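Okay, here we've got a single chain as structure tokens, the form solved without the named molecule, with questions on binding and movement later.
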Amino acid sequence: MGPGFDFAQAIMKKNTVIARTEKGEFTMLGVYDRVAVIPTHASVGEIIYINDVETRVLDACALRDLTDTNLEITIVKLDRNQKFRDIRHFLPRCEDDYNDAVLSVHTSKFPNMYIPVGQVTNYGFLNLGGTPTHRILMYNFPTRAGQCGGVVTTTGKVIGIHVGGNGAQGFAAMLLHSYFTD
């Protein structure tokens, strides 16, 4: 509908896949080469389905901060025969608040879904499903099960992936440029 949705659509069309684990189907953001991200509660194993193709996992790392606190991001390297468009230049360097964000989702249950969520707060600490979690972004939109792994963008920035909600608010884990130095 406008330039925020234009940027969101460009990320979804080239830099997402449908990831299936034993815990469900998730939007999965490809960042560069064969490296993608997914919420840690997806419980990635040795094998994952990527667009319904059986795929070996070459590496999976559940990120924590230097306080040894959950960040709810898992970085996955996939045994896939094709590289992602490198979008690391769209990742913020520091923790921040944002105006006018879009949460975008693409699964078999939730195809071609775009949600204008408005203002995004640097929330920080969240007890997420009982797990102390840091670097949480918050938006005032009633997100639902199946939106996990959804991409949060503003024009020219990929800022987070959706990891939970409380019925009234939605919560995303930050993506930072420093997670993807190779």
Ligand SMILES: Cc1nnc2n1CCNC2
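All residue numbers are counted from 1 along the displayed sequence.
Set 8-16 against 163-171 and average the Cα temperature factors; 163-171 ends up higher.
Between 34-42 and 117-125, the higher mean Cα B-factor belongs to 117-125. When the C-alpha B factors of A62, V57, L137, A145 are read from the deposited coordinates, the top value falls at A145.
Per the PDB record, residue ranking by Cα B-factor puts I75 in the lowest third of the chain. Ranked within its chain, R85 lands in the lowest third, by CA B factor from the PDB record.
For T27, the recorded CA B-factor ranks within the lowest third of the chain. Only modelled residues enter the ranking. When the modelled residues of the chain are ordered by C-alpha B-factor, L66 sits in the highest third. Ranked by Cα temperature factor within the chain, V151 sits in the lowest third according to the deposited record.
If you look for the form solved in complex with the named molecule, you will not find it shown, but the lines that follow are about it.
Taking the partner from elsewhere, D59 is found to have a heavy atom lying within 4.5 Å of the named molecule in the deposited complex.
Contacts between 72-93 and the named molecule, taken as any heavy atom within 4.5 Å in the deposited complex, involve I75, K77.
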